[PDB]
Structures are given as structure tokens and as C-alpha cells.
Amino acid sequence: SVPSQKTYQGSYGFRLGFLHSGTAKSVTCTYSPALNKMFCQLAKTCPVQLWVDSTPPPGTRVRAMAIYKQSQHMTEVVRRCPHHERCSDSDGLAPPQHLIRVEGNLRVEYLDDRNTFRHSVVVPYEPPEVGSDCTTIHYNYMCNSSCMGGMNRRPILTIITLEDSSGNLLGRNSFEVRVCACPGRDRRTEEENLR
Amino acid sequence: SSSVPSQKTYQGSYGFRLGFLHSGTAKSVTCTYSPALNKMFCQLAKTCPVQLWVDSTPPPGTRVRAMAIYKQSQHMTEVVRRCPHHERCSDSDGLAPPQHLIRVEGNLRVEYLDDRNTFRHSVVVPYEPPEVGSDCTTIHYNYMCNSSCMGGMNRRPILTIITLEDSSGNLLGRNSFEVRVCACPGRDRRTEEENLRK
Amino acid sequence: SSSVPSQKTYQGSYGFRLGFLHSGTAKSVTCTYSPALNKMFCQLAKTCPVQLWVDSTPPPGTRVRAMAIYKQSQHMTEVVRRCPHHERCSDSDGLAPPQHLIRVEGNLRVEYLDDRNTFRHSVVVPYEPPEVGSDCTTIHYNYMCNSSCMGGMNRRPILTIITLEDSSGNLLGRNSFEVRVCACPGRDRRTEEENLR
Amino acid sequence: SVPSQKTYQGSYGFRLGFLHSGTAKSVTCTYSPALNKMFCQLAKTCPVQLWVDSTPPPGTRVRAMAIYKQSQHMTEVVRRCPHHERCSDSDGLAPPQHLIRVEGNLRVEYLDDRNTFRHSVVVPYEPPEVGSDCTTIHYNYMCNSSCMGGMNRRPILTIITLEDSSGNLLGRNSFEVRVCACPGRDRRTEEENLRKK
DNA sequence: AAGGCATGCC
DNA sequence: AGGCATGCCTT
DNA sequence: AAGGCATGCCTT
DNA sequence: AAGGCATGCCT
Ligand SMILES: [Zn+2]
Ligand SMILES: [Zn+2]
Ligand SMILES: [Zn+2]
Ligand SMILES: [Zn+2]
């Protein structure tokens, strides 16, 4: 099967927010509204903001999961490539083969789905700090979109799911991702190609 | 290391908690504690008084352990140790091994431990009742690298976890505080408290 | 792993030299040799003819071994092998182990060695004297990763070392050449020669 | 004792030239004529030019050595700090303890002096490439001047000696070095400090 | 690149 | 100690 | 197949 | 930082 990518704001009015960081050639992470697509560097901080209109009950969780965007690849599990899965870059919390990690959260939980084989990463939902209007999660993507024998130049979507403590769905959003060496340059290229 | 210790405050059955002197915020005061951040700012090798408060005295053989861990989860599995320079300095107090970040000063019964499973350093003294007239037990800690030390803490913040333990080493109580070991404790304290309010 | 095998040229008693076809320099020529660099430029999995020239014929049972090594000293002790991706590729020729960078095509008497003491890989075939009117023996090698493969040669130059050896594995002669396995052998040879002068 | 730092051109007219790289904040390497001082980043290329009026014999060598500049530190051997000594920054040729390396010269040699324990790096002298008038060596400095447990904010000199094959001196030149994060910034600051208001 | 600031030292 | 010495971040 | 582009990385 | 270049892939 294929996990749903249907936007669902749900009862908490759950939306995603991004930092608008421009298009300098090698900016670490930038987001393109035209494309609803994140462009980021391998292993670097990728902030994603969680915006809600009302606070979810305690025990709420936030899951991220990658799937290939193109229909002919959707059934293939998105994983790190054979080279990077073997690299010495463990943070001591994440599985070597998971593409998406969360950094900065000791309560992070990774899953290898026993039936789908799909990887995901889950953290508990915490409301914004005082004064803040949104909750920021810092993701890292641990292969380039180009990785031979991994994503192998295929676009992926990251699906962000808000879940109750047992995994029932409360909210869903998604964005496309390109992990590459030069996010600003590649953001500009894809955008210009869209004209 | 492959695991991390708890930082969960645990008063336990003796009502265990920590107390800190009120100190300056003068640029380079040798040790100053921020209640807003629950964070100690201090200079390398300078006295850090930490007060132990209990509601009733624990049994003889009770011990007090201090251990350092990285605050950031992405570094938390890594053992906090001295940098290559300071490890090789000739600054022993007579008992402390050269690789240990935290020393206790002024106590003959101090012991330094390397965990053989976790590899983690800690320093442990026997627990003493507060002196006659006093309400708490003051221990004098030192930190033997700056937070900035290259090849050591390397600008990564740490927490010090203080545990009350029985003689076999089971937990009686736990508290913790962040530490920055820096050149200008008063300056840095204020900078960080200012940042809170932004 | 282990120490570096000698790369010293040793023509020996049989006058052992190598020779290479005088190929193209068009962008993506499958295989081209630069006399100036003593360097082959070739594509992944494409035929790389290598000529054996001896002044005098080696005895029955002589064998021809090739083995790759990193050119550079910091890299010399590391075994040249295929990157994790290509090693797990379904590209067997039926005979070569999947980790081996260097294959021989067209030769059912090929053997592949995983050296138990050095961990180094090599591929060896029986020596055959030239046929009739031919002045050399040609072996067709294939290189199964690009020089650039991350997790493998990772942009680090290699040498291939061809040894002539007796039926017992004793050295008879030795030659070597540098290799770059890349997408566009012609372009990259031009570039590299250009940069030399 | 302390090695001599006194400049002399000697019989080959031996002198150093530097590149004039300007003072942008983060320029890799830049040189101050007014200070006879090179400002450079840790581990980056520092080009140093050898100029001679006549060609010394082959077997002629060019050695580089750091000493502390201040008279009270002079007798202390200049070395990397414990942290950088330990880092994984090896080129496979240089000893981990040596501040000064030569990059891009496979003939480099390092010395630990048996009497003084001072470090040095030496390369054969080679004549200018045809159509050029000087020989360039690429030095790397492998600690910052500010490195705690190494130079610890003490200025140093590099002494470049032209030597015959016995190590007899043919020519000497020296210059101050500051290894720092922002050479351009720091050269500016230091030259501004030469001024009277 | 080159603004911004962290952090040692005076 | 405000002012500087000097490192490292990201872009 | 030369020309153009995709895309990682180094330089300053 | 954008420029430049290494180096795979394509039309
Ligand atoms: Zn990868
Ligand atoms: Zn230290
Ligand atoms: Zn490969
Ligand atoms: Zn250093």
C-alpha cells in the first residue's frame, strides 16, 4: 500500500509553517511556496513549524514519513542509500537506515513498520514556548535526493501526521523535499522550470 | 556511551533538594547561579558551592554523586570529559584523575569513578549532616574545563546531576542544574537571562 | 587492512611490456589511453583492451594477474573495492564476485582471488602467446565502479598493476598504469593532458 | 641553542616573495610588507616564493622552521597543541605534532631534531618552471596562533633556509606568522596599530 | 564572502 | 570592566 | 557525439 | 557568497 497524503486540518486546525530564508546558492534549508517544496542540505537542520488553532490534548504525537511522490514509485519504501546507511553518522538515537531524523528531542521515537516496512519518526506534541505562536521541529534528511541506490534523483514528499497517543489520525499535512548540496540554486532552477 | 541517565528531579523520602548562594552578576565573579535558568555560571577551577537540603537525615553510608552530561540530546550519549590540553596540565589536587571534569574540593573522603559499562565519570562524597546551626550541607565543586574548550565540551552545554545514593548505589534522590564554565560568568549570566526575554 | 604490493616495473627475463590501442578522445569514447599520463580513461563496464608484449615466451602455466591499488600514500593500505551500491547491483557476469572492481571478459578460465592475508582483490587468467602474425596478447578488462563512486574509490586515483607469474604464483614480470573510470573518458583525458602541459 | 633568524641572501641571491592578496576579512593567506608578517588560516595553502640570482647545485634543499619570536619563549620548541595533534587531519606524510607542512610535494621530508627536538620540513630545491622566475612552495600551518597548549597567542617566525645536501647554510630568510580565523581583518588591525594619531 | 556575535582576556 | 582579541556560525 | 544540463564540492 | 569546476547523464 501507500500512506495517505491528503491534507487534513482537523479539529485543531493543524497547518505547517516554514522559514522564508531566500535563495542564496548554498542556504542550509529554504522553502518554495510556488512548489510547496523544501530544499535542504544532507544532515543539516530543517525547521518545520506546527501551527494549530486550538491546543491538542496531552499525549498527542507528531509523525513524519517520506514517500516517493511519482505514482510509479509510490509503493517503494524510501530509505537511505547503501553508502550512507553505512556511514559513521549516528546521533546515538536514530536507526542508520532512516532518511528522516528529528534532532534536539530526547523523546524521539523511530518506527520500522512491521507490515509496510516503512520508516517514520515520531515526537510528542508540545505547545509553543511562551510568546511563540508555533511549535518548531528540527528535521534532518540523511541522504541527498541524488543518492544512487537510495532516492536516486526521485522526488519525495514528507507527510506530517498529528496523532493521538494510540496513533489515531488528528491532522495531516505534507510538502515535497529535495535534499541537495545547493538548495538556493536548485530552488531557483525548479521554479524557473515551472514557467 | 549507549545510554543516558535520568535528569528527573526526585526529592525522595528525605525531601532532597539543592540550594545555591546568591552571588553577583559582576562581569567575572567566580561563581554565580541563575534561578531563572537554573544554571550555574563559573570560572574554570573556581569554587562552586552547592548546598544539599534534606527534611530528614539519610542513614550512614549514604553518598552524594555528581555527574556531567551534555544537555543537547544529539550529544547526550557522549561522555563529558576534559579536553586534551587540560587533561595534560599538571593541576592535580592530589586525588582527582586528570580526565575528570568535576572535582570536589576540601573533602578527604572524595572518590572518583569510571563506570565500566557507561564509561561515565562521577565524583562522590559521603553525605554529611549540616553542621551545628546550619540548615544544609555545602559541597565545594570545581569544573576543570571551560564549556568552550576545544576537543572537549567544545561549546556544548552540560548539566550536572546530583544524586543521593545508598551504599550499594541505589537512588535516594536527584536534582540537576545546567552549567556554563566560562571566562565572564556575570556577563554571560546576564546575556542569557536577557535572551529569555526576547 | 594491509600493506601495499610493489608497483615497480619489472620487465624480467621475458621482456614483459604492456601496450594499448591508440584510441579516440571524443567526449564519451568507451576506453582511451594517454601515453603522456600512462593513464587509461574508461567507462564503467566497458571493454578495456590491454596488450601483453614479451620479447621471449614464458613457460606453460604462466598466469596474468591484475590488481588495483590507490595511487596516494595516505590511501595505499586501503583495499580498492566496489562502492556499496555497485556491489549490490545486479550486474554479475556470472563469474566475478560482486565486490571486485576489475573483471576479465571473454575468458572462461578466469579466476578471481580474495587474498586471505592482504584482503586485496585480483583477477587472473592463463597467459596465452599471440596467435599467428599477431605481436601481442590482448586481455579485455572491465572496471565496475567509476573513480568517483562515493563509498568506493571516492574520487581517489588508482593504479592497475599487471603481473606475469608462474604456475606457482612466483613473480615473472610486472607493469602498471593509472586508471580513471568515468562517464566521459575523452573529455576527461583532454582535460587532464591539457592540465599537464 | 636557538636557531639563527638573521636574513642573508648568500651566494645565490636567495630571497622570498609573497603573494599580495589584499585584506578582505577572510582572505586565505595575505602578507604585510610593513610588518614582514604573513597572516593565514589553519591548514590552508600559504604560497611562498623562492627567488635566486643564480641556480644552486642539485642536492640543494629548502628547510622551514618555526621559532617563538619573543625572547622569553625562544628556547621553547614550537609545536601543535594537544587537540590538533590528535585530530584526523593527516596528509599521510606529516607527523601529527608538526606545525608546518608542505602540500603538493611528494619529495617532502620532515625532521625531528635529535639535539634541539625542533621540527622542520624540507624539500629539494627545484629551479623555476620554464617561463617563470621563482619557485613556489605551498606551506600549511596546522594550529592557530591562539591555540591553547600550543602557540597560546605567542607570535612566531618562520625561518626558511637554503641548504646544501650536508645541511650547510647557503641562504636564510624569515618572516613573522599569525595563523588566525580572519587574516584580512587581523592584518588591517595590526597595520592600523603602527600609526600614531 | 562578509555580517554577526560568542567567548577569552584586560 | 567596556574594549578589545580572536574564534566560528551561516550565507 | 558535441552540446547542454544535473548536481556535488571547493574557493574566497 | 557566487563563481567556478568536477563529473554524472541526456538529447
Ligand atoms: Zn545517500
Ligand atoms: Zn579544557
Ligand atoms: Zn560504484
Ligand atoms: Zn592547535
task = Mind listing whichever residues of region A:158-192 are without any contact (Cβ under 8 Å) to a residue 12 or more places away in the chain and buried (at least 17 other Cβ atoms within 10 Å of the Cβ)?
result = none
ask   = Out of region D:71-119, which residues are within 14 Å of ligand 4 (Cβ to nearest atom), more than 16 Å from the chain's Cα centre (by Cα) and charged (D, E, K, R)?
value = D:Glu85, D:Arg86, D:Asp89
query = What pairs can you find where one residue is in region B:138-157 and more than 9 Å from chain D (Cβ to nearest Cβ), the other is within 8 Å of ligand 2 (Cβ to nearest atom) and aliphatic (A, V, I, L, M), and their Cβ atoms are less than 7 Å apart, with a gap of 6+ or different chains?
reply = B:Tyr143/B:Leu44; B:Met144/B:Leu44; B:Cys145/B:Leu44; B:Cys145/B:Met153; B:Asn146/B:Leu44; B:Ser147/B:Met153
Residues of region A:123-157 satisfying the condition of being more than 16 Å from DNA strand H (Cβ to nearest atom) and either exposed (fewer than 14 other Cβ atoms within 10 Å of the Cβ) or of a type in the set (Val, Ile, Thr) (or both) = A:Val123, A:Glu129, A:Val130, A:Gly131, A:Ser132, A:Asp133, A:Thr135, A:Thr136, A:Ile137, A:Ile156
Of all residues in region B:175-197 being within 14 Å of chain A (Cβ to nearest Cβ) and in a helix (DSSP H, G or I), the one that is nearest to ligand 3 (Cβ to nearest atom) = B:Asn195
query = So which residues in region D:22-41 are crowded, with 16+ Cβ neighbours inside 10 Å and away from DNA strand H (no atom under 16 Å from the Cβ), if there are any at all?
reply = D:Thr23, D:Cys29, D:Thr30, D:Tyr31, D:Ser32, D:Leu35, D:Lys37, D:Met38, D:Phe39, D:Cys40
note = Note on region B:7-37: residues touching a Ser or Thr at 6+ places or on another chain (Cβ under 9 Å) and within 14 Å of chain A (Cβ to nearest Cβ) are B:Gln7, B:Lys8
ask   = Right, D:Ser90: more than 16 Å from DNA strand F (Cβ to nearest atom) and polar (S, T, N, Q) or not?
value = yes
Hits in region D:46-86 - residues which are within 14 Å of another protein chain (Cβ to nearest Cβ) and either buried (at least 16 other Cβ atoms within 10 Å of the Cβ) or under 20 Å from D:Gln5 (Cα atoms) (or both) = D:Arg79, D:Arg80, D:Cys81, D:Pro82, D:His83, D:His84, D:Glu85
query = When region A:94-134 is examined, which residues are found to be more than 13 Å from chain B (Cβ to nearest Cβ) and basic (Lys, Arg)?
reply = A:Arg114, A:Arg118
key: Pick from region C:141-166, criterion assigned to a loop (DSSP other than H, G, I, E, B) and either under 15 Å from C:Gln99 (Cβ atoms) or under 12 Å from the mean Cα position of the chain (by Cα) (or both), ranking: farthest from ligand 2 (Cβ to nearest atom)   = C:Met144
key: From C:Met150, C:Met144, residue being more than 16 Å from DNA strand G (Cβ to nearest atom) and touching a helix residue (DSSP H, G or I) at 6+ places or on another chain (Cβ under 9 Å)   = C:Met144
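Virtual Cβ from ideal backbone geometry, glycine too; neighbours counted across all protein chains shown. We did not get these values from a lab; they are worked out from the coordinates using the rules stated.
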